[PDB]
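K.L.:
Below is the structure I would like to discuss, written out as structure tokens.
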Amino acid sequence: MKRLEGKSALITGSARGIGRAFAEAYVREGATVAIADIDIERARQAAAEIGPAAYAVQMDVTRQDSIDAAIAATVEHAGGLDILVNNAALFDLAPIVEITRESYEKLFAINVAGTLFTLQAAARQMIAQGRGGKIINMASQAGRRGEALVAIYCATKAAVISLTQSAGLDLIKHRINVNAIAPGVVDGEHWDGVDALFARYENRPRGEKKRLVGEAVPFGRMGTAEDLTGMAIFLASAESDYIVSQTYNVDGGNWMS
Amino acid sequence: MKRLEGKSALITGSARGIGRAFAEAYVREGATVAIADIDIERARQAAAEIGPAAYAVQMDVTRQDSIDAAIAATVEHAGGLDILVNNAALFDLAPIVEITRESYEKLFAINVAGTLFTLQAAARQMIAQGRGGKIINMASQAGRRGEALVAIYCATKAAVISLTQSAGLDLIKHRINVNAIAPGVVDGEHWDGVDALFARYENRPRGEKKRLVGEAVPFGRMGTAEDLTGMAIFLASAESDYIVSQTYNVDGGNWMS
Amino acid sequence: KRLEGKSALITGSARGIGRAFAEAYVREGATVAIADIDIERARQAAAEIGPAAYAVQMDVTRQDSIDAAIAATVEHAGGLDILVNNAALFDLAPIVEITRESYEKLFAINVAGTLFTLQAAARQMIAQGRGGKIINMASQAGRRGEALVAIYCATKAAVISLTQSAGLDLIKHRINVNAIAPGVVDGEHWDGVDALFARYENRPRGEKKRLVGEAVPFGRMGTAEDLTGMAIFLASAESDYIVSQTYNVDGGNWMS
Amino acid sequence: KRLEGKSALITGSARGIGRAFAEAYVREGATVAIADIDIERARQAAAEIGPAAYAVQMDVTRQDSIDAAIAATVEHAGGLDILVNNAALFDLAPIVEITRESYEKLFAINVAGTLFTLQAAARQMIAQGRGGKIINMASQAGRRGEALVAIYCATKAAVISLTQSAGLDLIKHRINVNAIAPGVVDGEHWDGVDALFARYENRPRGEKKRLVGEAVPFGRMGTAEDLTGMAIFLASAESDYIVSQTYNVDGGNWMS
Ligand SMILES: OC[C@@H](O)[C@@H](O)[C@H](O)[C@@H](O)CO
Ligand SMILES: OC[C@@H](O)[C@@H](O)[C@H](O)[C@@H](O)CO
Ligand SMILES: OC[C@@H](O)[C@@H](O)[C@H](O)[C@@H](O)CO
Ligand SMILES: OC[C@@H](O)[C@@H](O)[C@H](O)[C@@H](O)CO
């Protein structure tokens, strides 16, 4: 297809799961992809498995110096930055009266501050190049509507949707598209962990939550990262140039926006 | 690219404007396209200009017998129906105290009933075939939020978003995706009419509303049909198979959903 | 009290939520036209509520009936201050079994009935020059679609849209247009809802009613008395700055 | 009247909307903690409002301050029945000029402030076993993003989210969690808003205020008094079935 031919992308948290499937689909479409992760060991493996057009970048989105160095590493390696995917995220679950300041601080630091300050750094580079840009934030059904036990993670994803809108309005004058994707329930490592938290607080065998949520998807199954790669390419591609400040649910019907 | 290779499409209201641009893009992507319009003269012209893979069908979405004969024509000519685009619509504007029963009956008959009952006829054919299906309703910024002067057209597109959600949840068991596109302000014959209506009721020179509205788009310009064709292909394509009951704004940031 | 000396009309207020609203308005000092297509049931409702209530035959699907009800409100009460568009009809059916009969029946009363009654009440409130309160009945069903409930969800989605458009156009005349979206409310309406779901989801009668009442975050099926606070609030001076809103009163069933 | 014998705490209630809420709650028979980082301004507001109002020094960004403020409410009034999370901070800046300082400042007060005061009040209401009312202050800014207001929009979007999550999780304790979304409201707050826009949009001081007031469908900038109705309603028995909602009180500025 080669919809992203000769673009330079960076994907946060892309050593594994959705981010890694995005990095693989972007390379197939002709992009050069910085596989950015706090796990540089795993990012190096993913990059070697994907091919020459992927390369590994150590990044902690909670740290300005680390954000700024991955953008620099992208510029130094790929000549610049065309596509940012804000994919780095942390999940946690607790009822209101058991939420910790540590839970709040760590999920806001990566899900909100990590997304905003990486977007800022990417937009400054895209503006300095003068060629436009594509920024794709990762939201979630969790950001469409609250849940009794997931206040913190829901709020971070609600903040990401709002940030997507703000930044898209502020950056479209530079021909930077900011938009977001809102997955449903996606099978993998991520949803294994989610399931363990619900197992504890809803008093359920390990694996039952993840079975039930997958069966309640109107489409009829839990998501895969491959359900999402179409939209990831589309929102990075010329065919989305008029799309601004949107969150698109790709969730088998889990949330209707 | 040929992402709709060997597919059979029908687009209501496609002799001109957005639907004609969709029929043109679908053909480029390998589709066979029923150019359905109440205006057979213009459909025939549009099909001749697009090429052999387009073919004209006389249709009034307000009439059951016409709906069912357009679906049959599609099966007779293309062997079946894979993609419906519900594009046929009617625009009107009047303050609350000036809305006529005639404005309401005619815009609900085309924009709502035409959409629902064509969707119904296409869903039955797609179920009969057993191969799944793609249905794309045309909503509007006007369906996201009301306007003092556009209560009827706004309500119809609000009903389309709702219908899109309902039909999506009901039809996805048959592997029929129902989604919608929500354009912003799009340049052409359509918006010339809109402008004439505002000119009268906001007491403005012809062309001033079109100017102002195109200049208030955060993207920075009035839409084109070409802005939309990417989304039209995508939502008809295998890369949108997990997308269900969504309305996607392609509007240069005019409305943020 | 809070509606002292105000003239209301409620469409479809012989029975259920509409009737709870008429009674609650009369307790707050309002005169209320109990507008219903069944004049027998309206008359009973009016006798039970007391002298401040009166019965008005009305078919919100007929222009002539609309204009005659508004006129009858003017004749009896001197004018119209509050309209509640409560008249509605429920139906259910999968996409492939939806009939033009259902579509035309639910649209004529839930949408056209709301719109043209609102138009008539607007015209009257504009001519009086004293402003006004209009309250459309939306539903959780207007907030999101449902596989089986396409037609009824669409009508209530259109009511939320209309409520927005009308509130924007009419606020210059000091007329507030807003809507209430109930969730799952116990009564003769949800007896009918349950019966349809019983057929289409293969359930014993009463099970849907039970399941949805228990899924309400608050912990039960709603009552009309849950809604009276808001219907008073939105027709009162304490909501003068409130324009073009739909407010969910639904135990958390839908979060807007 | 409607809040007779209830104990309220309002964060950041020495001045503006919070202070109008305090006075309106005392008029409706409430005892009110005027909680504010500025104890001198709180003392003045308390003295002006009358004996039912008392001042509490409170930094909603500090856990110890939050807990001591809840404890001062229990000591002074005997319990806590109504929290209003009103304390908030405005800032404006384009994406490329957002500081970590702004992000950290606005989230600490607008989000963490709201969340951990809500948690502290929840714990106290649960231990009491008598239910309660929590009202978060959202904003039109919470409803949609703006080019120059990413941080403040994001905080109020998180307040809407938190309001939904908290309301769902606390309704079993008969605690209602709801929010109010003002639009553009006149006062010291919008003075500061206008000053920031004057810089970034290159406008004379006061112009932004003028433009936004005039673009409210209703026809003017809002007052605190536009909001007291709803603040009372959401703390009252006639909102007991109202759960996890954000209600716009904004003259039509934003339609939800
Ligand atoms: O990725 C987050 C996950 O999808 C989850 O938060 C769901 O919203 C919810 O927690 C239960 O189904
Ligand atoms: O095609 C619909 C059209 O975009 C128009 O209705 C705008 O919503 C509005 O009328 C004001 O610009
Ligand atoms: O008054 C409408 C009613 O509450 C219903 O349509 C529900 O939305 C749903 O159909 C089943 O729970
Ligand atoms: O207090 C929030 C305020 O109303 C402001 O943020 C407006 O939303 C907007 O920023 C300018 O009109």
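Each chain of the structure tokens is named A, B, ... in the order shown, its residues numbered from 1; ligands are numbered from 1 in display order.
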Any idea what's packed within 12 Å of residue 112 (chain B), counting only C-alpha atoms, ignoring anything in its chain fewer than 2 positions away? Could you give it as a PyMOL selection string?

P.N.:
(chain B and resi 61-62+86-90+104-110+114-119+137-139+143+152-164) or (chain C and resi 100+103-104+107+150-151+154-155+158)

K.L.:
For the residues in the current selection, export N, CA and C atoms as a short mmCIF file (atom, residue, chain, number, x, y, z; two decimals), in the first residue's frame.

P.N.:
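Resulting contents of selection16.cif:
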```cif
data_model
loop_
_atom_site.label_atom_id
_atom_site.label_comp_id
_atom_site.auth_asym_id
_atom_site.auth_seq_id
_atom_site.Cartn_x
_atom_site.Cartn_y
_atom_site.Cartn_z
N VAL B 61 -35.78 7.35 -2.52
CA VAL B 61 -35.63 6.73 -1.17
C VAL B 61 -36.89 6.99 -0.35
N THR B 62 -37.76 7.88 -0.78
CA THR B 62 -39.02 8.15 -0.03
C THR B 62 -40.06 7.07 -0.35
N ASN B 86 -25.86 5.78 2.28
CA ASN B 86 -27.09 6.58 2.47
C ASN B 86 -26.73 8.08 2.41
N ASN B 87 -26.67 8.61 1.20
CA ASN B 87 -26.14 9.95 0.85
C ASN B 87 -27.29 10.91 0.52
N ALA B 88 -28.47 10.43 0.08
CA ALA B 88 -29.59 11.25 -0.38
C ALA B 88 -30.07 12.07 0.81
N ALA B 89 -30.25 13.37 0.65
CA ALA B 89 -30.72 14.24 1.74
C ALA B 89 -31.33 15.49 1.13
N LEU B 90 -32.00 16.25 1.96
CA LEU B 90 -32.71 17.49 1.63
C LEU B 90 -32.36 18.48 2.75
N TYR B 104 -40.95 19.74 7.48
CA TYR B 104 -40.77 18.59 8.39
C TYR B 104 -41.05 17.28 7.61
N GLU B 105 -42.21 17.15 6.96
CA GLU B 105 -42.59 15.87 6.33
C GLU B 105 -41.54 15.54 5.26
N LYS B 106 -41.17 16.49 4.40
CA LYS B 106 -40.24 16.21 3.26
C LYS B 106 -38.80 15.90 3.76
N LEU B 107 -38.28 16.61 4.78
CA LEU B 107 -36.87 16.38 5.19
C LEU B 107 -36.84 15.09 6.02
N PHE B 108 -37.86 14.82 6.89
CA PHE B 108 -37.90 13.52 7.60
C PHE B 108 -38.10 12.37 6.60
N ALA B 109 -38.86 12.58 5.51
CA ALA B 109 -39.15 11.47 4.57
C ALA B 109 -37.85 11.08 3.86
N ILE B 110 -37.05 12.05 3.40
CA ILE B 110 -35.78 11.71 2.72
C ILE B 110 -34.68 11.37 3.73
N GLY B 114 -35.91 7.67 4.29
CA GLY B 114 -35.12 7.24 3.11
C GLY B 114 -33.93 6.45 3.56
N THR B 115 -33.23 6.97 4.61
CA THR B 115 -32.01 6.35 5.17
C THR B 115 -32.41 5.00 5.82
N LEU B 116 -33.39 5.00 6.70
CA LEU B 116 -33.72 3.81 7.51
C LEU B 116 -34.16 2.68 6.58
N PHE B 117 -35.05 3.00 5.61
CA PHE B 117 -35.78 1.98 4.83
C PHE B 117 -34.86 1.53 3.71
N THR B 118 -33.90 2.32 3.27
CA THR B 118 -32.89 1.86 2.26
C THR B 118 -31.91 0.93 3.00
N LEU B 119 -31.58 1.30 4.25
CA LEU B 119 -30.65 0.55 5.13
C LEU B 119 -31.28 -0.82 5.38
N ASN B 137 -23.95 5.71 6.67
CA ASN B 137 -24.97 6.75 6.71
C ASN B 137 -24.23 8.08 6.62
N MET B 138 -24.85 9.08 6.02
CA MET B 138 -24.28 10.44 5.95
C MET B 138 -25.02 11.25 7.04
N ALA B 139 -24.33 11.55 8.14
CA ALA B 139 -24.86 12.49 9.17
C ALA B 139 -24.32 13.88 8.81
N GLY B 143 -26.36 17.29 12.93
CA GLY B 143 -26.82 16.19 13.80
C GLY B 143 -26.11 16.08 15.12
N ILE B 152 -35.14 21.52 11.86
CA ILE B 152 -35.63 20.33 11.13
C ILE B 152 -34.42 19.59 10.63
N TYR B 153 -33.52 20.25 9.92
CA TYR B 153 -32.43 19.46 9.28
C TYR B 153 -31.51 18.83 10.36
N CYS B 154 -31.22 19.60 11.41
CA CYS B 154 -30.50 19.17 12.63
C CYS B 154 -31.20 17.94 13.24
N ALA B 155 -32.47 18.03 13.56
CA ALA B 155 -33.19 16.85 14.11
C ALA B 155 -33.00 15.64 13.16
N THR B 156 -33.16 15.77 11.84
CA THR B 156 -33.05 14.59 10.93
C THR B 156 -31.65 13.98 11.06
N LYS B 157 -30.62 14.79 11.11
CA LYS B 157 -29.24 14.23 11.16
C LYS B 157 -28.95 13.67 12.56
N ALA B 158 -29.59 14.22 13.61
CA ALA B 158 -29.55 13.68 14.98
C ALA B 158 -30.23 12.30 14.95
N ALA B 159 -31.34 12.19 14.24
CA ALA B 159 -32.02 10.90 14.12
C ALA B 159 -31.08 9.95 13.34
N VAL B 160 -30.36 10.43 12.34
CA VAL B 160 -29.44 9.53 11.52
C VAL B 160 -28.33 8.92 12.38
N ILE B 161 -27.76 9.72 13.32
CA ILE B 161 -26.66 9.29 14.24
C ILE B 161 -27.20 8.18 15.12
N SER B 162 -28.42 8.39 15.63
CA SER B 162 -29.14 7.45 16.49
C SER B 162 -29.40 6.16 15.71
N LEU B 163 -30.02 6.29 14.56
CA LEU B 163 -30.33 5.14 13.65
C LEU B 163 -29.04 4.41 13.35
N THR B 164 -27.95 5.15 13.23
CA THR B 164 -26.66 4.52 12.86
C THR B 164 -26.27 3.63 14.03
N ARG C 100 -43.04 0.58 8.24
CA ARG C 100 -43.36 2.00 7.99
C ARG C 100 -44.47 2.37 8.99
N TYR C 103 -42.74 3.48 12.35
CA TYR C 103 -41.93 4.70 12.05
C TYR C 103 -42.86 5.91 12.05
N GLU C 104 -43.94 5.85 11.25
CA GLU C 104 -44.87 6.97 11.02
C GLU C 104 -45.60 7.24 12.35
N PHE C 107 -42.91 8.65 15.07
CA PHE C 107 -42.41 9.98 14.61
C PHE C 107 -43.55 10.99 14.73
N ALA C 150 -34.78 0.98 17.48
CA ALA C 150 -34.21 1.96 16.55
C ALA C 150 -35.16 3.13 16.43
N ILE C 151 -36.43 2.82 16.23
CA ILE C 151 -37.43 3.88 15.92
C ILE C 151 -37.60 4.73 17.16
N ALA C 154 -34.51 6.83 17.95
CA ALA C 154 -34.37 7.90 16.95
C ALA C 154 -35.31 9.05 17.34
N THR C 155 -36.54 8.77 17.79
CA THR C 155 -37.50 9.86 18.06
C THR C 155 -36.93 10.71 19.21
N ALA C 158 -34.11 12.81 18.30
CA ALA C 158 -34.61 13.96 17.55
C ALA C 158 -35.17 15.02 18.55
#
```

K.L.:
Pull out every residue of chain D that has at least one atom within 6 Å of chain A, counting only C-alpha atoms, and report them as a PDB file with N, CA, C and O atoms, in the first residue's frame.

P.N.:
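Contents of the output file iface03.pdb:
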```pdb
ATOM      1  N   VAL D  96       2.483  24.984  22.588  1.00  0.00           N
ATOM      2  CA  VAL D  96       3.976  25.113  22.540  1.00  0.00           C
ATOM      3  C   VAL D  96       4.476  25.973  23.710  1.00  0.00           C
ATOM      4  O   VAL D  96       5.671  25.874  23.997  1.00  0.00           O
ATOM      5  N   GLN D 119     -13.002  12.214  48.167  1.00  0.00           N
ATOM      6  CA  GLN D 119     -12.676  10.975  48.916  1.00  0.00           C
ATOM      7  C   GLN D 119     -12.859  11.174  50.425  1.00  0.00           C
ATOM      8  O   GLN D 119     -13.421  10.281  51.080  1.00  0.00           O
ATOM      9  N   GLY D 145     -12.513  21.096  24.054  1.00  0.00           N
ATOM     10  CA  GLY D 145     -11.217  21.700  24.144  1.00  0.00           C
ATOM     11  C   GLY D 145     -11.260  23.011  23.387  1.00  0.00           C
ATOM     12  O   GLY D 145     -12.295  23.329  22.683  1.00  0.00           O
ATOM     13  N   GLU D 146     -10.261  23.800  23.652  1.00  0.00           N
ATOM     14  CA  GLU D 146     -10.046  25.164  23.099  1.00  0.00           C
ATOM     15  C   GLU D 146      -8.538  25.256  22.834  1.00  0.00           C
ATOM     16  O   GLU D 146      -7.754  24.820  23.719  1.00  0.00           O
ATOM     17  N   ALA D 147      -8.162  25.867  21.707  1.00  0.00           N
ATOM     18  CA  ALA D 147      -6.788  26.082  21.209  1.00  0.00           C
ATOM     19  C   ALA D 147      -5.841  26.583  22.319  1.00  0.00           C
ATOM     20  O   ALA D 147      -4.767  26.016  22.455  1.00  0.00           O
ATOM     21  N   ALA D 150      -5.721  24.325  26.907  1.00  0.00           N
ATOM     22  CA  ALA D 150      -5.655  22.843  26.985  1.00  0.00           C
ATOM     23  C   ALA D 150      -5.654  22.389  28.445  1.00  0.00           C
ATOM     24  O   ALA D 150      -6.326  21.338  28.810  1.00  0.00           O
ATOM     25  N   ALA D 154      -8.670  20.335  30.136  1.00  0.00           N
ATOM     26  CA  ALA D 154      -8.327  18.957  30.502  1.00  0.00           C
ATOM     27  C   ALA D 154      -8.704  18.778  31.990  1.00  0.00           C
ATOM     28  O   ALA D 154      -9.226  17.701  32.335  1.00  0.00           O
ATOM     29  N   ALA D 157     -12.481  18.431  32.164  1.00  0.00           N
ATOM     30  CA  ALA D 157     -12.886  17.203  31.494  1.00  0.00           C
ATOM     31  C   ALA D 157     -12.635  16.046  32.454  1.00  0.00           C
ATOM     32  O   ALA D 157     -13.434  15.102  32.485  1.00  0.00           O
ATOM     33  N   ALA D 158     -11.560  16.113  33.241  1.00  0.00           N
ATOM     34  CA  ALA D 158     -11.283  15.056  34.223  1.00  0.00           C
ATOM     35  C   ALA D 158     -12.324  15.159  35.375  1.00  0.00           C
ATOM     36  O   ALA D 158     -12.746  14.096  35.829  1.00  0.00           O
ATOM     37  N   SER D 161     -15.365  13.398  34.347  1.00  0.00           N
ATOM     38  CA  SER D 161     -15.081  11.958  34.376  1.00  0.00           C
ATOM     39  C   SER D 161     -15.182  11.467  35.815  1.00  0.00           C
ATOM     40  O   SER D 161     -15.921  10.519  36.066  1.00  0.00           O
ATOM     41  N   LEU D 162     -14.435  12.093  36.701  1.00  0.00           N
ATOM     42  CA  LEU D 162     -14.386  11.742  38.133  1.00  0.00           C
ATOM     43  C   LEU D 162     -15.805  11.737  38.733  1.00  0.00           C
ATOM     44  O   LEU D 162     -16.187  10.830  39.631  1.00  0.00           O
ATOM     45  N   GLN D 164     -18.537  11.131  37.215  1.00  0.00           N
ATOM     46  CA  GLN D 164     -19.293   9.950  36.753  1.00  0.00           C
ATOM     47  C   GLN D 164     -18.811   8.760  37.602  1.00  0.00           C
ATOM     48  O   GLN D 164     -19.652   8.106  38.195  1.00  0.00           O
ATOM     49  N   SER D 165     -17.505   8.491  37.629  1.00  0.00           N
ATOM     50  CA  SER D 165     -16.894   7.350  38.368  1.00  0.00           C
ATOM     51  C   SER D 165     -17.301   7.416  39.857  1.00  0.00           C
ATOM     52  O   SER D 165     -17.850   6.410  40.390  1.00  0.00           O
ATOM     53  N   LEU D 168     -21.025   6.660  40.482  1.00  0.00           N
ATOM     54  CA  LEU D 168     -21.402   5.252  40.304  1.00  0.00           C
ATOM     55  C   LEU D 168     -20.999   4.459  41.560  1.00  0.00           C
ATOM     56  O   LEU D 168     -21.693   3.552  41.915  1.00  0.00           O
ATOM     57  N   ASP D 169     -19.863   4.774  42.153  1.00  0.00           N
ATOM     58  CA  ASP D 169     -19.217   3.939  43.195  1.00  0.00           C
ATOM     59  C   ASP D 169     -19.808   4.328  44.582  1.00  0.00           C
ATOM     60  O   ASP D 169     -19.837   3.475  45.494  1.00  0.00           O
TER      61      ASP D 169
END
```

K.L.:
Neighbours of ligand 4 within 6 Å, counting only C-alpha atoms and all ligand atoms, as a ChimeraX atom specification?

P.N.:
/D:139-141,183-184,212

K.L.:
Hey, which residues sit close to ligand 3? Say within 10 Å, counting only C-alpha atoms and all ligand atoms, and write them as a VMD selection string.

P.N.:
chain C and resid 88 to 92 137 to 150 152 to 153 156 181 to 186 189 to 190 192 to 194 196 to 197 208 to 209 211 to 213 215 to 216 221 to 222 250 253 to 254

K.L.:
How would you write, as a PyMOL selection string, the set of residues in region 61-218 of chain B that DSSP gives as helix (DSSP H, G or I)?

P.N.:
chain B and resi 64-78+96-98+101-129+141-144+151-174+189-201+208-215

K.L.:
What are the closest atom pairs, with distances in Å to one decimal, for each residue of chain B lying within 7 Å of ligand 2, using only C-alpha atoms and all ligand atoms, rows by chain and rising residue number, as CSV?

P.N.:
```
residue,atom,partner,partner_atom_place_in_ligand_line,distance
B:140,CA,ligand 2,2 (C),6.1
B:141,CA,ligand 2,8 (O),5.4
B:142,CA,ligand 2,8 (O),4.4
B:150,CA,ligand 2,10 (O),6.3
B:184,CA,ligand 2,4 (O),5.2
B:185,CA,ligand 2,4 (O),4.1
B:186,CA,ligand 2,4 (O),6.8
B:191,CA,ligand 2,1 (O),6.9
B:194,CA,ligand 2,5 (C),6.8
B:213,CA,ligand 2,12 (O),5.6
```

K.L.:
Would you mind exporting the chosen residues as a short mmCIF file (atom, residue, chain, number, x, y, z; two decimals), in the first residue's frame, restricted to N, CA and C atoms?

P.N.:
```
data_model
loop_
_atom_site.label_atom_id
_atom_site.label_comp_id
_atom_site.auth_asym_id
_atom_site.auth_seq_id
_atom_site.Cartn_x
_atom_site.Cartn_y
_atom_site.Cartn_z
N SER B 140 -23.82 14.68 9.75
CA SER B 140 -23.61 16.15 9.61
C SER B 140 -23.26 16.73 10.97
N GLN B 141 -22.45 17.78 10.96
CA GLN B 141 -22.27 18.61 12.18
C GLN B 141 -23.66 18.95 12.71
N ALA B 142 -24.64 19.16 11.81
CA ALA B 142 -26.01 19.59 12.15
C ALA B 142 -26.72 18.55 13.05
N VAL B 150 -32.13 25.94 12.20
CA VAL B 150 -32.03 24.69 11.37
C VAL B 150 -32.56 23.47 12.17
N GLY B 184 -18.60 18.67 7.78
CA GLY B 184 -18.71 20.01 8.35
C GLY B 184 -19.52 20.86 7.42
N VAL B 185 -18.90 21.95 6.97
CA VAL B 185 -19.39 22.82 5.87
C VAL B 185 -18.60 22.43 4.62
N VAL B 186 -19.30 21.91 3.63
CA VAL B 186 -18.67 21.46 2.37
C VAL B 186 -19.11 22.37 1.23
N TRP B 191 -24.06 23.93 -0.57
CA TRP B 191 -23.77 25.06 0.36
C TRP B 191 -24.20 26.37 -0.29
N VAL B 194 -27.74 26.56 1.04
CA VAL B 194 -27.66 26.85 2.49
C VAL B 194 -27.47 28.37 2.64
N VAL B 213 -18.27 30.96 7.08
CA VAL B 213 -18.43 29.63 7.70
C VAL B 213 -17.16 28.87 7.31
#
```
